Number of protein chains: 2
Amino acid sequence: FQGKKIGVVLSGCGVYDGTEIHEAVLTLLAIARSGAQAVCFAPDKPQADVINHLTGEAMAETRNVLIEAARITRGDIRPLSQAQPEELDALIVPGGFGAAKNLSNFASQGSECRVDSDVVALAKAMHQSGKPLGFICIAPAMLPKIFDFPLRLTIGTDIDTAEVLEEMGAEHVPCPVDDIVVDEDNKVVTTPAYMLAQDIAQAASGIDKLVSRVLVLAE
Amino acid sequence: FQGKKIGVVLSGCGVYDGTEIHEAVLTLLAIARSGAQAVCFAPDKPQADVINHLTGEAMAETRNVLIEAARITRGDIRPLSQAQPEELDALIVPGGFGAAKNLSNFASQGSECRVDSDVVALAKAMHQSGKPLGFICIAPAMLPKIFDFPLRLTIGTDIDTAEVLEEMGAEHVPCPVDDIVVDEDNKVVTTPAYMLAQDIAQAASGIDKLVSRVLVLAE
């Protein structure tokens, strides 16, 4: 897969107010091990909140999504507004509450949520051209808001969350932490990761499969 | 290795002002995949600085080392002052500039640096009992300040940095990104990681070997 360029969209730095750090790093690892290149992006805007990860309480400060996401990529990131679908072969979106607070407002709006316009436009551009999409953990919640047609996807086994996604037009398929769901016609791959994982090795098993599948779909 | 408890000491969240995020997550991954348990700690104190990872410039704010390190561990971390050497089988310290700013002041003091007292006491406790130590990237710079005896270690191949460590009493051994150096008598393992890595898969190759070796030394 040398030569393949995989877009990666981040939402901050940490599970509670940005991207799930394990999920993001596991994604980068799997991409690199396959010989492909990650091309990272994050929207240039303030985070919805800033959470003390030690206590779970909100902090009285403000942080920029792009600035904080740069921590994960060691500075090698660009504003999402600069993404060029023609230069990408696929798109992957890791989870964390940032996917539900910053890339969308699923966390507070549920089925009436809106998704970041630049996220919608990039994802639609991939689908137009037949380039695969990989969404992890809670990130698949954005899919039935982006695409106005039925899609096979998963967020694991949680019945309440699955009910919400169905209300939005998805077909929810149960999946364990170490496997994936694939909508073959639309080339969309999903996996639960931290929705179900009890440790990092269980999250890596599902993520590795997701990345592998995305790369196969991109050929 | 089920049952093994591996202490992990963090310094923040991000290469420039805390722990190198890739290195920390790769460490956790390798520990979990081997069936052992990571036990994470970070000192409860302010970071030396806060760096914009997008530009590399300092920011006009203050952040707590423990609070930010909790991002990497999804909240599963304790203040370093609470570490109980009797409950640990080994100790691993990932790199990032935080190891040189927060766990020590190597970044500004070089060979005249001081190391966090709780870092020194925990590391000494491991060595007393014959429990292995694994230090990654720039973290090995702390070793000849902690132990007043010669130690075989590596930070890669950088001649200037190696010269400083030698001034402090170390025996520096060249090592590539995908290998390790082991001081057998003192059970100390080091690897360069981001001192030399050009991507995350190259850092993982060295880290995986380090963790494996630490686990073997802990049996």
# chains A, B, ... in the order shown; residues from 1 in each chain; ligands from 1
$ interface_residues --of "chain B" --to "chain A" --cutoff "7 Å" --atoms "only C-alpha atoms" --output "PyMOL selection string"
chain B and resi 14-15+21-22+25+29+32-33+52-54+67+70-72+74-75+200-201
$ residues_around --residues "residue A:163" --least-positions-apart "6" --cutoff "12 Å" --atoms "only C-alpha atoms" --output "list in words"
residues 110, 111, 141, 154, 155, 157, 169, 170, 171, 172, 173 and 174 of chain A
$ closest_residue --among "A:50, A:83, A:120, A:60" --to "residue A:8" --atoms "only C-alpha atoms"
A:83
$ residues_around --residues "stretch 123-140 of chain B" --least-positions-apart "2" --cutoff "7 Å" --atoms "only C-alpha atoms" --output "PyMOL selection string"
chain B and resi 85+89-96+99+119-121+142-143+155+186-195+210+214+217-218
$ atom_distance --atom1 "atom CA of residue B:176" --atom2 "atom CA of residue B:207"
11.8 Å
$ atom_distance --atom1 "atom CA of residue B:150" --atom2 "atom CA of residue B:196"
24.2 Å
$ select_by_dssp --residues "chain A" --states "strand (DSSP E)" --output "PDB file with C-alpha atoms, in the first residue's frame"
ATOM      1  CA  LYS A   5      -3.011   8.398   1.307  1.00  0.00           C
ATOM      2  CA  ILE A   6      -5.490   7.889   4.131  1.00  0.00           C
ATOM      3  CA  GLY A   7      -7.223  10.972   5.541  1.00  0.00           C
ATOM      4  CA  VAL A   8      -7.700  11.018   9.276  1.00  0.00           C
ATOM      5  CA  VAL A   9     -10.079  13.500  10.969  1.00  0.00           C
ATOM      6  CA  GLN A  37       0.567   7.496   4.607  1.00  0.00           C
ATOM      7  CA  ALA A  38      -1.793   9.202   7.091  1.00  0.00           C
ATOM      8  CA  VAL A  39      -2.872  12.734   6.179  1.00  0.00           C
ATOM      9  CA  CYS A  40      -4.359  14.342   9.286  1.00  0.00           C
ATOM     10  CA  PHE A  41      -6.922  17.109   9.680  1.00  0.00           C
ATOM     11  CA  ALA A  42      -8.921  18.796  12.428  1.00  0.00           C
ATOM     12  CA  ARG A  78      -3.801  20.703   8.734  1.00  0.00           C
ATOM     13  CA  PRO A  79      -7.028  22.606   9.141  1.00  0.00           C
ATOM     14  CA  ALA A  90      -9.827   6.984   1.931  1.00  0.00           C
ATOM     15  CA  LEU A  91     -11.092   8.639   5.066  1.00  0.00           C
ATOM     16  CA  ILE A  92     -10.982   7.460   8.690  1.00  0.00           C
ATOM     17  CA  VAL A  93     -12.685   9.114  11.727  1.00  0.00           C
ATOM     18  CA  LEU A 133     -14.844   5.494   4.806  1.00  0.00           C
ATOM     19  CA  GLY A 134     -13.918   4.035   8.246  1.00  0.00           C
ATOM     20  CA  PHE A 135     -15.730   5.345  11.360  1.00  0.00           C
ATOM     21  CA  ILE A 136     -14.834   4.122  14.905  1.00  0.00           C
ATOM     22  CA  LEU A 151     -26.450   2.340   5.668  1.00  0.00           C
ATOM     23  CA  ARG A 152     -25.268  -0.788   7.445  1.00  0.00           C
ATOM     24  CA  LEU A 153     -23.193   0.202  10.447  1.00  0.00           C
ATOM     25  CA  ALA A 170     -29.332   3.500   9.661  1.00  0.00           C
ATOM     26  CA  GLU A 171     -29.541  -0.277   9.746  1.00  0.00           C
ATOM     27  CA  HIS A 172     -27.683  -1.118  12.971  1.00  0.00           C
ATOM     28  CA  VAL A 181     -19.287  -4.228   9.956  1.00  0.00           C
ATOM     29  CA  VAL A 182     -19.008  -3.403   6.275  1.00  0.00           C
ATOM     30  CA  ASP A 183     -21.570  -1.773   4.007  1.00  0.00           C
ATOM     31  CA  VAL A 188     -18.301   2.064   4.717  1.00  0.00           C
ATOM     32  CA  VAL A 189     -16.516   0.238   7.556  1.00  0.00           C
ATOM     33  CA  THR A 190     -17.383   0.599  11.273  1.00  0.00           C
ATOM     34  CA  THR A 191     -16.108  -0.925  14.524  1.00  0.00           C
TER      35      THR A 191
END
$ atom_distance --atom1 "atom CA of residue B:159" --atom2 "atom CA of residue B:177"
15.3 Å
